[PDB]
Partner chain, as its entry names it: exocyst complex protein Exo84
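As a starting point, one isolated chain is supplied in structure tokens, in the form solved without the partner chain.
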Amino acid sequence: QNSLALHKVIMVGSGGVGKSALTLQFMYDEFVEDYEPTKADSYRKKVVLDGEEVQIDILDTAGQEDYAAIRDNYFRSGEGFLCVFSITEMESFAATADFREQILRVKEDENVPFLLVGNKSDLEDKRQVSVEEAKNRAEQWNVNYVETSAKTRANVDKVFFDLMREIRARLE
């Protein structure tokens, strides 16, 4: 009846960027390459965050919602956001602006816990989005930029843990 902190994370970003692959790497320690692109789902896991046992809830969104009101309701439920793009697809980086605005409209707080996540860092030779331009956007938004690979696990725990650290600090 002792209650753990429950950190509600939402994955956002355009299609194919790695939302599900990041989620499933974090949850199950597997790189999953064919996860149904239209499927949204939630995941929960106990994690030890800076020595404190907590629960993380991850909503892996898929952009499928029947109404804007439904999408906004999901976003309103979230406490922090991983805003993912693929470093190999410039258009997915451009699309992060829309997710940022959607989140800000619902959460009404420019300091909402939020990381800009450039995924597919193992595909450096296919990079379309420079580190510099992504860092500059993160600086404009006052968020951290982290590059990840769901394939190699690089920075996967970091993005989820660092987002939980922002939720913990900012929603106190």
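Residue numbers count along the first chain shown, from 1.
The next section is about a form of this same protein that is not shown, the form deposited with the partner chain bound.
Contact annotation for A40: at least one heavy atom lies within 4.5 Å of the partner chain in the bound PDB entry.
Remark: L123 does not count among the residues lining the partner chain in the bound PDB entry, judged by a heavy atom distance of 4.5 Å or less. The partner chain in the bound PDB entry is approached by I70, whose closest heavy atom lies within 4.5 angstroms of it.
When the partner chain is considered in the bound PDB entry, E110 lies well away from it, no heavy atom lying within 4.5 Å. Taken together, the three residues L6, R44 and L59 all lie with some non-hydrogen atom within 4.5 angstroms of the partner chain in the bound PDB entry.
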